[PDB]
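What follows is one structure encoded as structure tokens, with my remarks underneath.
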Amino acid sequence: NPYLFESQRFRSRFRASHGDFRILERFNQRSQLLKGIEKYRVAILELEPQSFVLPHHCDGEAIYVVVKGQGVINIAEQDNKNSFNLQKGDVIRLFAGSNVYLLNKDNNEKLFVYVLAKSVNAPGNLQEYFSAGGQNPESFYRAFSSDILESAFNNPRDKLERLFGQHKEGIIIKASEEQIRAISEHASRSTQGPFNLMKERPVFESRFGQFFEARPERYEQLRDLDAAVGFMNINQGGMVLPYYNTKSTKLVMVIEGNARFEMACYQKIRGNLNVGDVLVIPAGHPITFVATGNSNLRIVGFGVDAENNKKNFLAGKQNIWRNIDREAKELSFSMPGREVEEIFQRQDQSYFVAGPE
Ligand SMILES: O=C(O)c1ccccc1O
């Protein structure tokens, strides 16, 4: 499967000492049929307890989704400052060129952030510009002549030289309570910000699973990217009835449990998905997920071209076939209509059912 990007294809970019930040492969290079998502790049940013990513800004519109833990983020713009703290499931939209720094304010729990970002300069070409740092990573402030910086900051080429250079530790370093308590107090708000993935009722739900989806049609933050952050919660031993998306290519990744998937291309692409593995579900392709293991099945994913995207189910009480009449069913499968109608209808459940034990 060219759609299957295992967790091992996440390329850790910078020398990150405490935790690390990993960029997944370009979707188009592995097999040039994933070119609708060629401008899109997915990443996974990982923060150990009491860590801290140096303030930077990416060229490209981003979307942070918190998968594990909690922490504090700070978005800095030319004439605007905002400090939010996030829990599990919180989605927040990062705009291009905006400066950002994170921190794991938890002393035992770890910080996992599932990240989406679309290019703006060259299709897929994504770069992080670090205003902080020293030698690791370089600070773009060291790409300017000393007399330029000396004339910009009004400072001799000594204090600036010792400032932007004297810094050894990587992107993610350790923070301390005297720093955190102040940082988290800037974040402490009263009475755009983040929104949890369960801010809504499940778009679809059964006694065996739930599906939450943040949509551009509701959340303004998502209208620019035309992206939807759906979250699919399958219960132990359960499954999603085979369905397909109308126009949205999804970039889905397992965050809890082991998922067994099958999908039509019609080549039958099958596989197993562990936590951290990425699967791409292009638009129109049917697919099903099954919880395989003692654990549950929680699995999150971004969706591009999200506006007006529906889900059409191919089985269950509410599938597309009820909206196809009897005679068309006869011509379709070359059997009596009341006979195939009694095949499609003897599943009383609609979206999530019991997977094969
Ligand atoms: O197929 C989807 O639309 C989807 C969206 C978000 C998470 C998991 C998913 O399968």
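Chain lettering (A, B, ...) mirrors the order of the structure tokens, residue numbering begins at 1 for each chain separately, and ligand numbering begins at 1 in order of display.
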For segment 175-181 of chain A: contacts at 7 Å, only C-alpha atoms, fewer than 3 positions along chain excluded, given as a ChimeraX atom specification:
/A:50-52,105,184-185
Could you turn the residues from that selection into a file that holds N, CA, C and O atoms, as a PDB file, in the first residue's frame?
```
ATOM      1  N   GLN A  50       8.154  18.784  31.411  1.00  0.00           N
ATOM      2  CA  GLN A  50       8.845  20.034  31.684  1.00  0.00           C
ATOM      3  C   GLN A  50       9.786  20.445  30.561  1.00  0.00           C
ATOM      4  O   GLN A  50      10.771  21.147  30.806  1.00  0.00           O
ATOM      5  N   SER A  51       9.513  20.014  29.329  1.00  0.00           N
ATOM      6  CA  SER A  51      10.293  20.440  28.171  1.00  0.00           C
ATOM      7  C   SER A  51       9.788  21.771  27.628  1.00  0.00           C
ATOM      8  O   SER A  51       8.970  22.429  28.285  1.00  0.00           O
ATOM      9  N   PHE A  52      10.218  22.140  26.409  1.00  0.00           N
ATOM     10  CA  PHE A  52      10.009  23.484  25.868  1.00  0.00           C
ATOM     11  C   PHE A  52      10.622  23.584  24.485  1.00  0.00           C
ATOM     12  O   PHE A  52      11.836  23.420  24.360  1.00  0.00           O
ATOM     13  N   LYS A 105       3.779  21.254  30.676  1.00  0.00           N
ATOM     14  CA  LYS A 105       3.701  21.707  32.060  1.00  0.00           C
ATOM     15  C   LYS A 105       3.482  20.565  33.040  1.00  0.00           C
ATOM     16  O   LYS A 105       3.461  20.807  34.251  1.00  0.00           O
ATOM     17  N   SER A 184       2.926  29.445  32.573  1.00  0.00           N
ATOM     18  CA  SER A 184       1.548  28.976  32.677  1.00  0.00           C
ATOM     19  C   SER A 184       0.608  30.041  33.226  1.00  0.00           C
ATOM     20  O   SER A 184      -0.606  29.941  33.022  1.00  0.00           O
ATOM     21  N   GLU A 185       1.132  31.053  33.918  1.00  0.00           N
ATOM     22  CA  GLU A 185       0.277  32.142  34.373  1.00  0.00           C
ATOM     23  C   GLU A 185      -0.053  33.107  33.241  1.00  0.00           C
ATOM     24  O   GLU A 185      -1.160  33.658  33.209  1.00  0.00           O
TER      25      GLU A 185
END
```
Write as a ChimeraX atom specification the residues around ligand 1, taking 9 Å as the cut-off and counting only C-alpha atoms and all ligand atoms.
/A:211-213,228-233,240,243-245,248-254,280-282,287-289,298-303,309-311
What would the file look like if the residues just selected were written as a short mmCIF file (atom, residue, chain, number, x, y, z; two decimals), in the first residue's frame with C-alpha atoms?
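Result went into selection-v2.cif, see below:
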```cif
data_model
loop_
_atom_site.label_atom_id
_atom_site.label_comp_id
_atom_site.auth_asym_id
_atom_site.auth_seq_id
_atom_site.Cartn_x
_atom_site.Cartn_y
_atom_site.Cartn_z
CA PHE A 211 -17.11 9.68 15.44
CA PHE A 212 -16.32 13.31 16.26
CA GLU A 213 -15.35 15.74 13.51
CA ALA A 228 -11.48 18.85 9.05
CA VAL A 229 -10.09 17.20 12.19
CA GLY A 230 -12.18 14.07 12.61
CA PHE A 231 -11.72 11.71 15.54
CA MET A 232 -12.97 8.12 15.40
CA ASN A 233 -13.49 6.18 18.64
CA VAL A 240 -16.71 0.66 11.38
CA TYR A 243 -17.90 3.57 4.14
CA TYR A 244 -16.25 6.13 1.88
CA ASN A 245 -15.72 9.88 1.83
CA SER A 248 -12.10 14.49 1.43
CA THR A 249 -8.75 12.74 1.44
CA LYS A 250 -8.00 11.83 5.06
CA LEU A 251 -4.62 11.52 6.79
CA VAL A 252 -5.60 9.22 9.64
CA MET A 253 -3.28 7.98 12.39
CA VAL A 254 -3.93 5.54 15.24
CA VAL A 280 -4.04 8.02 3.88
CA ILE A 281 -7.65 7.48 2.83
CA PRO A 282 -8.11 9.15 -0.56
CA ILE A 287 -12.55 1.49 3.92
CA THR A 288 -13.29 -0.26 7.23
CA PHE A 289 -11.51 -0.35 10.59
CA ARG A 298 -9.02 5.57 19.18
CA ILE A 299 -7.81 6.95 15.89
CA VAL A 300 -7.51 10.58 14.79
CA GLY A 301 -7.03 12.13 11.37
CA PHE A 302 -6.90 15.28 9.28
CA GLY A 303 -9.06 15.66 6.20
CA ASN A 309 -17.72 16.23 2.63
CA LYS A 310 -20.20 13.54 3.67
CA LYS A 311 -19.71 9.95 4.74
#
```
Can you tell me which residues surround segment 14-17 of chain A at a distance of at most 12 Å, considering only C-alpha atoms, apart from same-chain residues fewer than 5 positions away, and format the answer as a PDB file with C-alpha atoms, in the first residue's frame?
```pdb
ATOM      1  CA  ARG A  22       9.363  14.291  13.401  1.00  0.00           C
ATOM      2  CA  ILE A  23       8.249  15.165   9.867  1.00  0.00           C
ATOM      3  CA  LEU A  45       5.883  16.725  17.788  1.00  0.00           C
ATOM      4  CA  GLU A  46       6.961  15.009  21.004  1.00  0.00           C
ATOM      5  CA  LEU A  47       7.678  16.764  24.317  1.00  0.00           C
ATOM      6  CA  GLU A  48       9.088  15.168  27.461  1.00  0.00           C
ATOM      7  CA  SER A  51      10.293  20.440  28.171  1.00  0.00           C
ATOM      8  CA  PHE A  52      10.009  23.484  25.868  1.00  0.00           C
ATOM      9  CA  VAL A  53      10.361  24.076  22.100  1.00  0.00           C
ATOM     10  CA  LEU A  54      12.301  27.173  21.085  1.00  0.00           C
ATOM     11  CA  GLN A 127      10.669  24.949   6.714  1.00  0.00           C
ATOM     12  CA  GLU A 128      10.856  25.986  10.372  1.00  0.00           C
ATOM     13  CA  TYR A 129      12.546  29.326  11.087  1.00  0.00           C
ATOM     14  CA  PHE A 130      13.965  29.465  14.619  1.00  0.00           C
ATOM     15  CA  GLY A 133      18.620  28.869  19.359  1.00  0.00           C
ATOM     16  CA  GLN A 135      24.446  26.682  17.110  1.00  0.00           C
ATOM     17  CA  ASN A 136      21.684  24.083  17.504  1.00  0.00           C
ATOM     18  CA  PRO A 137      19.663  24.864  15.768  1.00  0.00           C
ATOM     19  CA  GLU A 138      21.017  27.881  13.917  1.00  0.00           C
ATOM     20  CA  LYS A 168      24.248  24.527  22.563  1.00  0.00           C
ATOM     21  CA  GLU A 169      21.108  22.557  23.510  1.00  0.00           C
ATOM     22  CA  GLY A 170      18.710  21.581  20.709  1.00  0.00           C
ATOM     23  CA  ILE A 171      15.155  22.708  19.983  1.00  0.00           C
ATOM     24  CA  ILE A 172      13.502  21.099  23.018  1.00  0.00           C
ATOM     25  CA  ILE A 173      15.229  21.890  26.312  1.00  0.00           C
ATOM     26  CA  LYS A 174      14.224  21.591  29.970  1.00  0.00           C
TER      27      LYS A 174
END
```
Check segment 84-261 of chain A with DSSP on the backbone and list each residue it calls helix (DSSP H, G or I), as a ChimeraX atom specification.
/A:140-143,146-152,159-164,177-187,220-222
Given the selection you just returned, output its residues as a file containing N, CA and C atoms, formatted as an mmCIF file, in the first residue's frame.
```cif
data_model
loop_
_atom_site.group_PDB
_atom_site.id
_atom_site.type_symbol
_atom_site.label_atom_id
_atom_site.label_comp_id
_atom_site.auth_asym_id
_atom_site.auth_seq_id
_atom_site.Cartn_x
_atom_site.Cartn_y
_atom_site.Cartn_z
ATOM 1 N N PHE A 140 18.214 32.157 12.574
ATOM 2 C CA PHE A 140 18.300 32.918 11.333
ATOM 3 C C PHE A 140 18.914 34.296 11.549
ATOM 4 N N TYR A 141 18.955 34.771 12.797
ATOM 5 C CA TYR A 141 19.624 36.025 13.106
ATOM 6 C C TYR A 141 21.109 35.976 12.775
ATOM 7 N N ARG A 142 21.681 34.780 12.641
ATOM 8 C CA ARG A 142 23.090 34.616 12.311
ATOM 9 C C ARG A 142 23.333 34.537 10.808
ATOM 10 N N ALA A 143 22.298 34.737 9.996
ATOM 11 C CA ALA A 143 22.443 34.845 8.551
ATOM 12 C C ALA A 143 22.594 36.287 8.094
ATOM 13 N N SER A 146 27.087 41.294 10.691
ATOM 14 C CA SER A 146 27.183 41.823 12.046
ATOM 15 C C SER A 146 26.846 43.311 12.080
ATOM 16 N N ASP A 147 27.258 44.060 11.053
ATOM 17 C CA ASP A 147 26.947 45.485 11.013
ATOM 18 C C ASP A 147 25.458 45.729 10.799
ATOM 19 N N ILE A 148 24.773 44.815 10.108
ATOM 20 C CA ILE A 148 23.323 44.922 9.964
ATOM 21 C C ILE A 148 22.652 44.774 11.323
ATOM 22 N N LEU A 149 22.918 43.651 11.999
ATOM 23 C CA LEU A 149 22.372 43.430 13.335
ATOM 24 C C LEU A 149 22.779 44.550 14.281
ATOM 25 N N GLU A 150 24.042 44.973 14.202
ATOM 26 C CA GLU A 150 24.529 46.057 15.048
ATOM 27 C C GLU A 150 23.736 47.338 14.822
ATOM 28 N N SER A 151 23.298 47.577 13.585
ATOM 29 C CA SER A 151 22.519 48.771 13.288
ATOM 30 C C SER A 151 21.028 48.575 13.529
ATOM 31 N N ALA A 152 20.558 47.325 13.578
ATOM 32 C CA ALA A 152 19.144 47.056 13.816
ATOM 33 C C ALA A 152 18.821 47.061 15.304
ATOM 34 N N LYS A 159 27.795 41.771 22.173
ATOM 35 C CA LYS A 159 26.650 41.247 22.904
ATOM 36 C C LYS A 159 25.736 40.449 21.982
ATOM 37 N N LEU A 160 25.543 40.924 20.748
ATOM 38 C CA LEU A 160 24.763 40.164 19.777
ATOM 39 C C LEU A 160 25.474 38.875 19.388
ATOM 40 N N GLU A 161 26.800 38.926 19.243
ATOM 41 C CA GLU A 161 27.549 37.730 18.872
ATOM 42 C C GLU A 161 27.437 36.664 19.955
ATOM 43 N N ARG A 162 27.592 37.067 21.215
ATOM 44 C CA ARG A 162 27.466 36.154 22.343
ATOM 45 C C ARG A 162 26.022 35.765 22.638
ATOM 46 N N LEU A 163 25.044 36.448 22.047
ATOM 47 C CA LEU A 163 23.639 36.164 22.321
ATOM 48 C C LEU A 163 23.102 35.078 21.391
ATOM 49 N N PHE A 164 23.191 35.315 20.083
ATOM 50 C CA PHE A 164 22.670 34.398 19.075
ATOM 51 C C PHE A 164 23.566 33.188 18.851
ATOM 52 N N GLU A 177 10.348 25.093 37.286
ATOM 53 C CA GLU A 177 9.163 25.642 37.943
ATOM 54 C C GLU A 177 9.143 27.166 37.946
ATOM 55 N N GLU A 178 10.274 27.789 38.293
ATOM 56 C CA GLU A 178 10.339 29.246 38.292
ATOM 57 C C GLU A 178 10.017 29.814 36.916
ATOM 58 N N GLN A 179 10.304 29.055 35.857
ATOM 59 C CA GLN A 179 9.939 29.466 34.507
ATOM 60 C C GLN A 179 8.494 29.096 34.191
ATOM 61 N N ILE A 180 8.117 27.847 34.467
ATOM 62 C CA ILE A 180 6.804 27.308 34.126
ATOM 63 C C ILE A 180 5.692 28.116 34.776
ATOM 64 N N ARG A 181 5.726 28.214 36.107
ATOM 65 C CA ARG A 181 4.671 28.884 36.858
ATOM 66 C C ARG A 181 4.395 30.269 36.286
ATOM 67 N N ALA A 182 5.442 30.942 35.803
ATOM 68 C CA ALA A 182 5.255 32.228 35.139
ATOM 69 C C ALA A 182 4.686 32.041 33.737
ATOM 70 N N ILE A 183 5.216 31.070 32.991
ATOM 71 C CA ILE A 183 4.729 30.798 31.640
ATOM 72 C C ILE A 183 3.265 30.374 31.675
ATOM 73 N N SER A 184 2.926 29.445 32.573
ATOM 74 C CA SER A 184 1.548 28.976 32.677
ATOM 75 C C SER A 184 0.608 30.041 33.226
ATOM 76 N N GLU A 185 1.132 31.053 33.918
ATOM 77 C CA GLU A 185 0.277 32.142 34.373
ATOM 78 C C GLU A 185 -0.053 33.107 33.241
ATOM 79 N N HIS A 186 0.882 33.327 32.312
ATOM 80 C CA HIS A 186 0.532 34.042 31.090
ATOM 81 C C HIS A 186 -0.572 33.318 30.331
ATOM 82 N N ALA A 187 -0.570 31.983 30.379
ATOM 83 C CA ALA A 187 -1.586 31.183 29.705
ATOM 84 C C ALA A 187 -2.909 31.172 30.454
ATOM 85 N N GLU A 220 -14.483 28.386 12.201
ATOM 86 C CA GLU A 220 -13.895 29.293 11.222
ATOM 87 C C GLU A 220 -12.420 28.996 11.000
ATOM 88 N N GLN A 221 -11.705 28.621 12.066
ATOM 89 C CA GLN A 221 -10.265 28.378 12.019
ATOM 90 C C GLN A 221 -9.896 27.462 10.858
ATOM 91 N N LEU A 222 -10.833 26.610 10.453
ATOM 92 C CA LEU A 222 -10.571 25.569 9.477
ATOM 93 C C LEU A 222 -10.956 25.961 8.054
#
```
Can you tell me which residues surround residue 193 of chain A at a distance of at most 12 Å, considering only C-alpha atoms, apart from same-chain residues fewer than 5 positions away, and format the answer as a list in words?
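The filter keeps residues 64, 72, 73, 74, 75, 81, 82, 83, 84, 85, 86, 90, 91, 92, 93, 94, 187, 219, 220 and 221 of chain A.
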Could you pull the residues within 12 Å of residue 329 of chain A, counting only C-alpha atoms, minus those fewer than 3 positions along the same chain, as number ranges by chain?
A: 320-326, 332-344
Just write the chosen residues, N, CA, C and O atoms, as a PDB file, in the first residue's frame.
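Written file, selection-v3.pdb:
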```pdb
ATOM      1  N   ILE A 320     -26.318   3.686   1.818  1.00  0.00           N
ATOM      2  CA  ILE A 320     -26.805   4.336   0.603  1.00  0.00           C
ATOM      3  C   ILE A 320     -27.863   3.490  -0.094  1.00  0.00           C
ATOM      4  O   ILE A 320     -28.679   4.014  -0.864  1.00  0.00           O
ATOM      5  N   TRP A 321     -27.879   2.180   0.164  1.00  0.00           N
ATOM      6  CA  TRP A 321     -28.748   1.294  -0.606  1.00  0.00           C
ATOM      7  C   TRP A 321     -30.227   1.506  -0.304  1.00  0.00           C
ATOM      8  O   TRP A 321     -31.068   1.256  -1.174  1.00  0.00           O
ATOM      9  N   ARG A 322     -30.580   1.964   0.903  1.00  0.00           N
ATOM     10  CA  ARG A 322     -31.994   2.244   1.147  1.00  0.00           C
ATOM     11  C   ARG A 322     -32.487   3.354   0.234  1.00  0.00           C
ATOM     12  O   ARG A 322     -33.675   3.401  -0.105  1.00  0.00           O
ATOM     13  N   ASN A 323     -31.588   4.242  -0.178  1.00  0.00           N
ATOM     14  CA  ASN A 323     -31.901   5.307  -1.116  1.00  0.00           C
ATOM     15  C   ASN A 323     -31.748   4.864  -2.566  1.00  0.00           C
ATOM     16  O   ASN A 323     -31.711   5.711  -3.465  1.00  0.00           O
ATOM     17  N   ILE A 324     -31.644   3.560  -2.807  1.00  0.00           N
ATOM     18  CA  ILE A 324     -31.752   2.972  -4.137  1.00  0.00           C
ATOM     19  C   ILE A 324     -32.961   2.047  -4.122  1.00  0.00           C
ATOM     20  O   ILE A 324     -33.122   1.247  -3.194  1.00  0.00           O
ATOM     21  N   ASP A 325     -33.811   2.160  -5.140  1.00  0.00           N
ATOM     22  CA  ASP A 325     -35.084   1.457  -5.123  1.00  0.00           C
ATOM     23  C   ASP A 325     -34.891  -0.026  -5.430  1.00  0.00           C
ATOM     24  O   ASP A 325     -33.785  -0.501  -5.702  1.00  0.00           O
ATOM     25  N   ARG A 326     -36.002  -0.765  -5.402  1.00  0.00           N
ATOM     26  CA  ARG A 326     -35.948  -2.220  -5.493  1.00  0.00           C
ATOM     27  C   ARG A 326     -35.522  -2.685  -6.879  1.00  0.00           C
ATOM     28  O   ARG A 326     -34.666  -3.568  -7.006  1.00  0.00           O
ATOM     29  N   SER A 332     -28.965  -4.622 -10.403  1.00  0.00           N
ATOM     30  CA  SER A 332     -27.606  -4.457  -9.901  1.00  0.00           C
ATOM     31  C   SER A 332     -26.954  -5.803  -9.599  1.00  0.00           C
ATOM     32  O   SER A 332     -25.815  -6.057 -10.008  1.00  0.00           O
ATOM     33  N   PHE A 333     -27.657  -6.680  -8.881  1.00  0.00           N
ATOM     34  CA  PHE A 333     -27.095  -7.963  -8.482  1.00  0.00           C
ATOM     35  C   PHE A 333     -27.736  -9.158  -9.179  1.00  0.00           C
ATOM     36  O   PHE A 333     -27.357 -10.296  -8.884  1.00  0.00           O
ATOM     37  N   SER A 334     -28.694  -8.937 -10.076  1.00  0.00           N
ATOM     38  CA  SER A 334     -29.337 -10.005 -10.846  1.00  0.00           C
ATOM     39  C   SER A 334     -29.959 -11.060  -9.927  1.00  0.00           C
ATOM     40  O   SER A 334     -29.700 -12.259 -10.031  1.00  0.00           O
ATOM     41  N   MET A 335     -30.794 -10.576  -9.014  1.00  0.00           N
ATOM     42  CA  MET A 335     -31.567 -11.393  -8.090  1.00  0.00           C
ATOM     43  C   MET A 335     -32.867 -10.667  -7.801  1.00  0.00           C
ATOM     44  O   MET A 335     -32.981  -9.461  -8.063  1.00  0.00           O
ATOM     45  N   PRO A 336     -33.887 -11.362  -7.286  1.00  0.00           N
ATOM     46  CA  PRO A 336     -35.135 -10.678  -6.934  1.00  0.00           C
ATOM     47  C   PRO A 336     -34.893  -9.547  -5.944  1.00  0.00           C
ATOM     48  O   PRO A 336     -33.995  -9.608  -5.100  1.00  0.00           O
ATOM     49  N   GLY A 337     -35.710  -8.501  -6.062  1.00  0.00           N
ATOM     50  CA  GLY A 337     -35.453  -7.285  -5.307  1.00  0.00           C
ATOM     51  C   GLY A 337     -35.753  -7.443  -3.830  1.00  0.00           C
ATOM     52  O   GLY A 337     -34.954  -7.050  -2.977  1.00  0.00           O
ATOM     53  N   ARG A 338     -36.912  -8.022  -3.510  1.00  0.00           N
ATOM     54  CA  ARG A 338     -37.240  -8.309  -2.121  1.00  0.00           C
ATOM     55  C   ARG A 338     -36.213  -9.228  -1.473  1.00  0.00           C
ATOM     56  O   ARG A 338     -36.162  -9.314  -0.243  1.00  0.00           O
ATOM     57  N   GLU A 339     -35.393  -9.911  -2.274  1.00  0.00           N
ATOM     58  CA  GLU A 339     -34.411 -10.838  -1.728  1.00  0.00           C
ATOM     59  C   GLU A 339     -33.127 -10.118  -1.328  1.00  0.00           C
ATOM     60  O   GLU A 339     -32.571 -10.381  -0.256  1.00  0.00           O
ATOM     61  N   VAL A 340     -32.648  -9.200  -2.172  1.00  0.00           N
ATOM     62  CA  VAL A 340     -31.478  -8.408  -1.804  1.00  0.00           C
ATOM     63  C   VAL A 340     -31.856  -7.318  -0.810  1.00  0.00           C
ATOM     64  O   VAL A 340     -31.026  -6.904   0.007  1.00  0.00           O
ATOM     65  N   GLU A 341     -33.101  -6.832  -0.861  1.00  0.00           N
ATOM     66  CA  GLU A 341     -33.550  -5.856   0.125  1.00  0.00           C
ATOM     67  C   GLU A 341     -33.568  -6.445   1.524  1.00  0.00           C
ATOM     68  O   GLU A 341     -33.354  -5.724   2.505  1.00  0.00           O
ATOM     69  N   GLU A 342     -33.829  -7.744   1.639  1.00  0.00           N
ATOM     70  CA  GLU A 342     -33.803  -8.418   2.926  1.00  0.00           C
ATOM     71  C   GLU A 342     -32.398  -8.835   3.335  1.00  0.00           C
ATOM     72  O   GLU A 342     -32.202  -9.287   4.467  1.00  0.00           O
ATOM     73  N   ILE A 343     -31.420  -8.693   2.442  1.00  0.00           N
ATOM     74  CA  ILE A 343     -30.018  -8.855   2.813  1.00  0.00           C
ATOM     75  C   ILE A 343     -29.483  -7.582   3.454  1.00  0.00           C
ATOM     76  O   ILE A 343     -28.843  -7.619   4.512  1.00  0.00           O
ATOM     77  N   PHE A 344     -29.763  -6.434   2.834  1.00  0.00           N
ATOM     78  CA  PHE A 344     -29.223  -5.162   3.297  1.00  0.00           C
ATOM     79  C   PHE A 344     -29.913  -4.654   4.558  1.00  0.00           C
ATOM     80  O   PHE A 344     -29.375  -3.759   5.222  1.00  0.00           O
TER      81      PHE A 344
END
```
Compile the contact shell of segment 4-12 of chain A as a ChimeraX atom specification: residues with an atom at most 6 Å away, counting only C-alpha atoms, same-chain residues fewer than 4 positions apart removed.
/A:21-24,276-279
Show which residues sit within 9 Å of residue 235 of chain A, as a ChimeraX atom specification. Count only C-alpha atoms, and ignore same-chain residues fewer than 2 positions away.
/A:207-210,233,237-239,291,295-298,352,354
Restricted to N, CA and C atoms, what would the selected residues look like written as a PDB file, in the first residue's frame?
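Below is the file that was written, again29.pdb:
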```pdb
ATOM      1  N   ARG A 207     -23.856   1.862  19.623  1.00  0.00           N
ATOM      2  CA  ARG A 207     -23.404   1.275  20.883  1.00  0.00           C
ATOM      3  C   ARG A 207     -22.019   0.660  20.781  1.00  0.00           C
ATOM      4  N   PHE A 208     -21.324   0.843  19.659  1.00  0.00           N
ATOM      5  CA  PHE A 208     -20.025   0.231  19.446  1.00  0.00           C
ATOM      6  C   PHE A 208     -18.957   1.209  18.978  1.00  0.00           C
ATOM      7  N   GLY A 209     -19.283   2.484  18.807  1.00  0.00           N
ATOM      8  CA  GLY A 209     -18.283   3.440  18.374  1.00  0.00           C
ATOM      9  C   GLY A 209     -18.851   4.841  18.290  1.00  0.00           C
ATOM     10  N   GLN A 210     -17.936   5.798  18.166  1.00  0.00           N
ATOM     11  CA  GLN A 210     -18.267   7.209  18.076  1.00  0.00           C
ATOM     12  C   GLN A 210     -17.391   7.845  17.010  1.00  0.00           C
ATOM     13  N   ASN A 233     -13.628   6.957  17.414  1.00  0.00           N
ATOM     14  CA  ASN A 233     -13.485   6.178  18.639  1.00  0.00           C
ATOM     15  C   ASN A 233     -14.260   4.878  18.452  1.00  0.00           C
ATOM     16  N   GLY A 237     -13.095  -4.673  20.207  1.00  0.00           N
ATOM     17  CA  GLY A 237     -13.663  -5.707  19.366  1.00  0.00           C
ATOM     18  C   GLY A 237     -14.686  -5.233  18.361  1.00  0.00           C
ATOM     19  N   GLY A 238     -14.839  -3.919  18.184  1.00  0.00           N
ATOM     20  CA  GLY A 238     -15.808  -3.369  17.263  1.00  0.00           C
ATOM     21  C   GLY A 238     -15.196  -3.018  15.913  1.00  0.00           C
ATOM     22  N   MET A 239     -16.039  -2.450  15.052  1.00  0.00           N
ATOM     23  CA  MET A 239     -15.622  -2.126  13.697  1.00  0.00           C
ATOM     24  C   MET A 239     -16.493  -1.009  13.144  1.00  0.00           C
ATOM     25  N   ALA A 291     -11.184  -3.080  15.580  1.00  0.00           N
ATOM     26  CA  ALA A 291     -10.356  -3.094  16.781  1.00  0.00           C
ATOM     27  C   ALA A 291      -9.804  -4.495  17.018  1.00  0.00           C
ATOM     28  N   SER A 295      -6.833  -3.890  23.830  1.00  0.00           N
ATOM     29  CA  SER A 295      -7.045  -2.462  24.002  1.00  0.00           C
ATOM     30  C   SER A 295      -8.297  -2.005  23.252  1.00  0.00           C
ATOM     31  N   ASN A 296      -8.504  -0.692  23.210  1.00  0.00           N
ATOM     32  CA  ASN A 296      -9.651  -0.098  22.539  1.00  0.00           C
ATOM     33  C   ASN A 296      -9.234   0.276  21.114  1.00  0.00           C
ATOM     34  N   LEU A 297      -9.895   1.265  20.510  1.00  0.00           N
ATOM     35  CA  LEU A 297      -9.430   1.789  19.226  1.00  0.00           C
ATOM     36  C   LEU A 297      -9.835   3.261  19.132  1.00  0.00           C
ATOM     37  N   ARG A 298      -8.871   4.142  19.383  1.00  0.00           N
ATOM     38  CA  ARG A 298      -9.023   5.574  19.181  1.00  0.00           C
ATOM     39  C   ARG A 298      -8.089   5.985  18.056  1.00  0.00           C
ATOM     40  N   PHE A 352     -21.511   1.682  13.710  1.00  0.00           N
ATOM     41  CA  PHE A 352     -20.515   0.828  14.340  1.00  0.00           C
ATOM     42  C   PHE A 352     -21.192  -0.442  14.835  1.00  0.00           C
ATOM     43  N   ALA A 354     -20.310  -4.966  15.930  1.00  0.00           N
ATOM     44  CA  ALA A 354     -19.346  -5.870  16.542  1.00  0.00           C
ATOM     45  C   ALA A 354     -18.428  -6.449  15.470  1.00  0.00           C
TER      46      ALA A 354
END
```
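Between atom CA of residue 353 of chain A and atom CA of residue 1 of chain A the interatomic distance comes to 26.1 Å.
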How far is it from atom CA of residue 77 of chain A to atom CA of residue 195 of chain A, in Å with one decimal?
20.4 Å
Out of segment 138-337 of chain A, which residues get strand (DSSP E) from DSSP, as a ChimeraX atom specification?
/A:204-206,209-214,228-234,238-240,243-245,249-257,259-264,268-273,278-281,287-291,297-304,311-313
Pick from A:196, A:70, A:125, A:272 nearest to residue 104 of chain A, counting only C-alpha atoms
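Result for the nearest residue to residue 104 of chain A: A:70.
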